[PDB]
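Engineer: my sequence and its experimental structure, below.
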Amino acid sequence: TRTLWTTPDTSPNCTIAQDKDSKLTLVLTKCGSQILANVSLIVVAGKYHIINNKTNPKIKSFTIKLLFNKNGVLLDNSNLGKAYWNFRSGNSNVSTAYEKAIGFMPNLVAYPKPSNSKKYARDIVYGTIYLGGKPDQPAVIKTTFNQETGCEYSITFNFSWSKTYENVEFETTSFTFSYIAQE
Amino acid sequence: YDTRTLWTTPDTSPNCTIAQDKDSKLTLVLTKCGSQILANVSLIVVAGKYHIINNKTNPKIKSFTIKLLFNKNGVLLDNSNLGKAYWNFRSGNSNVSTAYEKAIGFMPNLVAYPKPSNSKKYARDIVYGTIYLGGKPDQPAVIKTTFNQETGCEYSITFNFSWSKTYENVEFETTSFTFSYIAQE
Amino acid sequence: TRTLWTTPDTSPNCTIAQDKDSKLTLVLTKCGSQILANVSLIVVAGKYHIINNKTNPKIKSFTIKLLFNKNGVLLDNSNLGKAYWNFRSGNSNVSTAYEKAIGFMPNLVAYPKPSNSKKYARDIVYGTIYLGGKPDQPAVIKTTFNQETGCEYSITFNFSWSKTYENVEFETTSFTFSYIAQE
Ligand SMILES: CC(=O)N[C@H]1[C@H]([C@H](O)[C@H](O)CO)O[C@@](OC[C@H]2O[C@@H](O)[C@H](O)[C@@H](O)[C@H]2O)(C(=O)O)C[C@@H]1O
Ligand SMILES: CC(=O)N[C@H]1[C@H]([C@H](O)[C@H](O)CO)O[C@@](O[C@@H]2[C@@H](O)[C@H](O)O[C@H](CO)[C@@H]2O)(C(=O)O)C[C@@H]1O
Ligand SMILES: CC(=O)N[C@H]1[C@H]([C@H](O)[C@H](O)CO)O[C@@](O[C@@H]2[C@@H](O)[C@H](O)O[C@H](CO)[C@@H]2O)(C(=O)O)C[C@@H]1O
Ligand SMILES: [Zn+2]
Ligand SMILES: [Zn+2]
Ligand SMILES: [Zn+2]
């Protein structure tokens, strides 16, 4: 129960533009009050698989959202599929879907839901990853905690780039970050 | 201090003094993962000289420092910029009710990061990161964290915030950054 | 056995271009399914000790390799010397070489060895460190998992820079990252 993850294989588990067009590899490891997170993305098909901004000047970003209920269970309207998001067992998952993962949720006092109170930037982490592992192909991964509506907690990953990439496949290096846990 | 968390609490009540009393909330979370401490930090400035940055009217205002000084037992000293009242081991979204007396396992390692001396000062006692003001991607600032370089204490963690862009009336409140350091014990 | 490391003093323990020309400080802490890593480097002598790209325009990168066998034991072709890598015991290392550390190896499903199949970028993490701690002296540390031959697992650090440095001592700030563990 110390690690929630997508499993480390490369089987598509995420829908960005079309069904199962990407494998989001996400590992959440609970280190007490902080969750240590490691993430990467491989797009395998669809609109975001091969980026060509000469042809499509406007395709410059996309978002992957993980929505969770009060028990920390993933809601089906998340881009990530519920099928293989579970507690780890070896290189796979436990046989049964979990019913509670509140200790992996982002803290609501640190990262409040939208309200009419002042919105602070501490609920965002910025990182840079590299497409195809090439140092001159950076893309920004912006992670935001608890800013989606229709859920009790949320983790969203926005990927964007500013260079005019020509036939660059969207598959990334890995990024680590952490966040304060709800409990 | 097996896997405990030493923190500032996650609320937004000012707990730090940069230029004037209680002008900011430093949110700092230190979690012990054996020989390394996993740290998560962000800063909200609410008043004073560093609250709203205008480098067109004040081009020389480009950096400031927040210092956490600790004694031989890992206890935070009162002359640190961070206040002592809400820096303690975590209990729910708050702190345990007794001030801690020992936290040596959360201190930066003295062999990895020696106190100042006339021996060579190696760069490994610094970690650099970039955070963003207001969560805007076009508003970077550098957070430089240095271990054990202050005097008047046994251990120290110093945060230096600086920026090179010429900001015009930009509120200094930041995104979060994670780093780790080698623990003393 | 929760931390494998190099002792964080300044005694040389690594051979880049000549014997014991550097001190790699590496700490690997097992946080369950993820290893939390912290690395820095001091070059004390030889070719990479003082960088002068006016004198040597093409000296712009070097690599430090850690190669491990099936039991997670460091192999002698690694740049890091075997006498310097062991589980922590206070501020030093245990007195006898360890026999197993498979739980510290980079996961082979997440990071496969080279083969005929498509190679994904998720087996790389990029970071930037700073020479002499100066903010205007960045160098890239690229860390790759399980891409070397002659071993069962590997962690390799490639240090490179794009600026023309003139008489700059190669000793760095520290970088943290994590990776998915084998067991
Ligand atoms: C710690 C850090 O982030 N260092 C940066 C560094 C500093 O921001 C700068 O030296 C502070 O004055 O900048 C580096 O890039 C320089 C580069 O920055 C671009 O944004 C700008 O468009 C260029 O004109 C040029 O200034 C540097 O090498 O000094 C990068 C380094 O990582
Ligand atoms: C992994 C990394 O930090 N990548 C950098 C990248 C590399 O440092 C560089 O390409 C060598 O591999 O540099 C990036 O920035 C570039 C500058 O170094 C260069 O001076 O100017 C470029 C544009 O003219 C560019 O800005 C890059 O290639 O995009 C930034 C990237 O994070
Ligand atoms: C979150 C992050 O990486 N932010 C970058 C920022 C963004 O990449 C960019 O604003 C998105 O469009 O870019 C910064 O640097 C800019 C350069 O990428 C650009 O080519 O030139 C700009 C000046 O005209 C600027 O230098 C930025 O906006 O400051 C750097 C920042 O870290
Ligand atoms: Zn593809
Ligand atoms: Zn304000
Ligand atoms: Zn010398």
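Structural biologist: Nice, I can see it. Numbering: from 1, shown residues only, chains lettered A, B, ... in the order given. Ligands and ions are numbered 1, 2, ... in the order given.
Engineer: got the residues of chain A near chain B?
Structural biologist: Residues of chain A lying close to chain B (CB under 8 Å from any CB of the partner chain) are A:31-34, A:36, A:107, A:109-110, A:120-126, A:140, A:142, A:160, A:176-180, A:183. The way it works is simple: take the backbone N, C-alpha and C, and place the C-beta from them, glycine included.
Engineer: chain neighbours aside, what residue packs nearest to the residue nearest to the spatial centre of chain A?
Structural biologist: Centroid-nearest residue in chain A: residue A:157, 4.6 Å away (criterion: CA atoms, centre = their mean). Once flanking residues are discounted, residue A:157 sits nearest to residue A:64: 4.6 Å by CB to CB, 6 or more residues apart in numbering or on different chains.
Engineer: list the buried residues in the helix or strand that neighbour falls within.
Structural biologist: Assigned by DSSP states H and E, residue A:64 falls within strand A:61-68. Within strand A:61-68, the residues that qualify as buried by neighbour count (16 or more other CB atoms under 10 Å in any protein chain shown) are A:62, A:64, A:65, A:66, A:67, A:68.
Engineer: residues contacting the second one?
Structural biologist: If I follow you right, that is residue A:64. Residue A:64 makes contact with A:14, A:16, A:22, A:24, A:41, A:79, A:80, A:156, A:157, A:158, A:159, according to CB atoms under 8 Å, 6 or more residues apart in numbering or on different chains.
Engineer: ok, 7 Å please
Structural biologist: Contacts for residue A:64 (CB atoms under 7 Å, 6 or more residues apart in numbering or on different chains) come out as A:14, A:16, A:24, A:79, A:80, A:156, A:157.
Engineer: likewise the first one?
Structural biologist: The neighbourhood of residue A:62, defined by CB under 7 Å, 6+ apart, consists of A:16, A:48, A:159.
Engineer: strands along chain A, start to end?
Structural biologist: A:3-5, A:22-31, A:34-43, A:50-52, A:61-68, A:86-89, A:92-93, A:124-130, A:138-145, A:153-160, A:166-169, A:175-180 (DSSP state E).
Engineer: now those strands in TSV, with distance to ligand 3?
Structural biologist: Converted to TSV, the strands of chain A look like this (distance: least, CB to the nearest ligand atom, whole Å):
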stretch	distance to ligand 3
strand A:3-5	26
strand A:22-31	20
strand A:34-43	16
strand A:50-52	15
strand A:61-68	10
strand A:86-89	31
strand A:92-93	33
strand A:124-130	4
strand A:138-145	5
strand A:153-160	7
strand A:166-169	16
strand A:175-180	12
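Engineer: make a PyMOL selection of the buried ones in the residues of chain A next to chain B.
Structural biologist: The PyMOL selection below is limited to those of these classed as buried (16+ other CB under 10 Å):
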select buried, chain A and resi 31+32+33+34+36+107+110+120+121+122+123+124+125+126+142+176+177+178+179+180
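Engineer: please name the nearest non-neighbouring residue to residue A:9.
Structural biologist: Nearest non-adjacent residue to residue A:9 (CB to CB, 6+ apart): residue C:109, at 5.8 Å.
Engineer: my guess is that neighbour contacts residue A:92. True?
Structural biologist: No - look at residue C:109 against residue A:92 with CB atoms under 7 Å: they stay out of range, at 9.4 Å.
Engineer: could you find the closest non-adjacent residue to residue A:101?
Structural biologist: residue A:72 (3.4 Å).
Engineer: residue A:138 is in contact with residue A:130, isn't it?
Structural biologist: Yes - contact criterion CB under 7 Å: residue A:138 and residue A:130 qualify, at 5.7 Å.
Engineer: returning to what we had before: please export the C-alpha coordinates of the strand holding residue A:64 as CSV.
Structural biologist: Extracted as CSV, the C-alpha positions of strand A:61-68 are listed here (Å, rounded to 0.1, in the frame of the first residue of the first chain):
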residue,chain,number,x,y,z
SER,A,61,-0.4,21.9,-25.5
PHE,A,62,-2.6,19.2,-24.0
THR,A,63,-3.9,18.1,-20.6
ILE,A,64,-4.1,14.8,-18.8
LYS,A,65,-6.4,14.9,-15.7
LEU,A,66,-6.7,12.5,-12.8
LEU,A,67,-9.9,13.1,-10.7
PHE,A,68,-10.5,11.4,-7.4
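Engineer: quick check: angle from that strand to strand A:34-43?
Structural biologist: When axes from the mean of the first three to the mean of the last three CA atoms, to 10 degrees is applied, the directions of strand A:61-68 and strand A:34-43 differ by 130 degrees.
Engineer: show me what contacts residue A:110?
Structural biologist: A:122, A:180, B:10, B:27.
Engineer: at 10 Å what do you get?
Structural biologist: A:120, A:122-123, A:145-146, A:179-182, B:7, B:9-12, B:27, B:29, B:40, B:42, B:93, B:176 (CB atoms under 10 Å, 6 or more residues apart in numbering or on different chains).
Engineer: returning to that earlier point: please look at the residue nearest to residue A:101 and residue A:86 and confirm they touch.
Structural biologist: No - assessed by CB atoms under 10 Å, residue A:72 is found out of contact with residue A:86, at 11.6 Å.
Engineer: between these two, which contacts overlap?
Structural biologist: A:4, A:98, A:101.
Engineer: from these, which is closest to ligand 2?
Structural biologist: residue A:4 (28.9 Å; CB to the nearest ligand atom).
Engineer: count the residues that sit near that closest one.
Structural biologist: By other CB atoms under 10 Å in any protein chain shown, the residues close to residue A:4 number 24.
Engineer: got the buried residues for stretch A:158-174?
Structural biologist: A:158, A:159, A:161, A:165, A:168, A:169, A:170, A:171, A:172, A:173, A:174.
Engineer: likewise stretch A:78-95?
Structural biologist: Result for stretch A:78-95 [16+ other CB under 10 Å]: buried residues A:78, A:79, A:80, A:81, A:85, A:86, A:87, A:88, A:91, A:93.
Engineer: can you redo the residues you listed as CSV with distance to ligand 2?
Structural biologist: As requested, the buried residues of stretch A:78-95 are arranged in CSV below (distance: CB to the nearest ligand atom, whole Å):
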residue, distance to ligand 2
A:78, 30
A:79, 26
A:80, 27
A:81, 31
A:85, 30
A:86, 33
A:87, 33
A:88, 30
A:91, 29
A:93, 33
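Engineer: quickly list what the closest residue to ligand 1 within chain A is bridged to.
Structural biologist: The minimum distance from chain A to ligand 1, using CB to the nearest ligand atom, falls at residue A:128 (11.3 Å). Bridge pairing for residue A:128 (DSSP bridges) gives the partners residue A:140.
Engineer: am I right that it is in contact with residue A:173?
Structural biologist: Yes - assessed by CB under 10 Å, residue A:128 is found in contact with residue A:173 at 9.1 Å.
Engineer: of residue A:138 and residue A:130, who's got more company?
Structural biologist: residue A:130 (21 against 15).
Engineer: residue contacts, the residue lying closest to the more buried one once chain neighbours are set aside?
Structural biologist: Spatial nearest neighbour of residue A:130, chain neighbours left out: residue A:173 (4.6 Å); criterion: CB to CB, 6+ apart. By CB under 10 Å, 6+ apart, the contact set of residue A:173 is A:40-41, A:128-135, A:137-139, A:141, C:120-126, C:142-144.
Engineer: closest residue of chain A to ligand 3?
Structural biologist: For chain A, CB to the nearest ligand atom, closest residue to ligand 3: residue A:162, 3.8 Å.
Engineer: just give me the neighbour total for the residue lying closest to that residue once chain neighbours are set aside.
Structural biologist: Closest residue to residue A:162 apart from its sequence neighbours, by CB to CB, 6+ apart: residue A:60 at 7.3 Å. Residue A:60 has 16 neighbours, counted by other CB under 10 Å.
Engineer: out of the contacts of residue A:64, which comes closest to chain B?
Structural biologist: Closest approach to chain B among the contacts of residue A:64 (CB to the nearest CB): residue A:156, at 12.7 Å.
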